[PDB]
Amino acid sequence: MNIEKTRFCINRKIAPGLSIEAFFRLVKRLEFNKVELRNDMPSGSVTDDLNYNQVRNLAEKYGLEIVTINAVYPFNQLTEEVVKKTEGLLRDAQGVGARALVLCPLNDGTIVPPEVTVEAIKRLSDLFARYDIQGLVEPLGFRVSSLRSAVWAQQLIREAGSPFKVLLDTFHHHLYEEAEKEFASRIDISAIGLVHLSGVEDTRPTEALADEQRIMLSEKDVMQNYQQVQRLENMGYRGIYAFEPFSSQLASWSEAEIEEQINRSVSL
């Protein structure tokens, strides 16, 4: 297996400690060219205390692409409150020159009918076009997720007639029983426009693991990061990979610890 390095993205959630400057100067210095900004770090702001300029220039200086902002939730349950909140994020992404905003389904045990997610996808595609932002729909694995399958979400994006793509997240994939030898032919790598990697070394049962159980990559993470990435490659994927580990263990890691466990990960 070989994959081109320039194809690697560093999701900020990996670095809750660092300021954006701090976070940027890192990456670049750590090699690569793509990041993800997020609206769920301590600041609660895609820019922390900054403004669009400061950030934008900070991406220029370190020659980085802001690939996505995570995330809009619940994109699916698209009340006027949610619409106003989404608009926020589009202003953010347009503001920092992000290319995508990440869309997360309702994740609370409530059914969101396919017809409604299909409407929410129509309405968000208008609203995105309005800010010239791309969309990425991230199915969530959990039994309580109102959209679990990357296949189904492609089905529903095709139906809304949307240029949006799916965000394949290794954990959420892992966490969803009916894919792998039901995936493969059913899935369409054309329309996967981002892949979020994170590893789960933990011996617990899959059937109720969480965002907290996500460290980085290395031999015996019970998630098939290689075997997913092997297949994604086998299949045509020439798009981005991003490290989006969550877990409280991203709490150690000097600016130099993060530097290395990114490299454990990139096993090749």
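Throughout, we count residues from 1 along the sequence that is shown.
When the two stretches 43-51 and 218-226 are set side by side, the higher mean Cα temperature factor goes to 218-226. For the pair 30-38 and 202-210, the record assigns the higher mean C-alpha temperature factor to 202-210. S145 sits in the lowest third of its chain by CA B factor, as recorded in the PDB entry. In the PDB entry, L167 places in the middle third of its chain by CA B-factor. Annotation for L90: CA B-factor lies in the lowest third of the chain's modelled residues. When the modelled residues of the chain are ordered by their C-alpha B factor, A98 lands in the middle third.
Per-chain ranking of the deposited C-alpha B factor places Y176 in the middle third.
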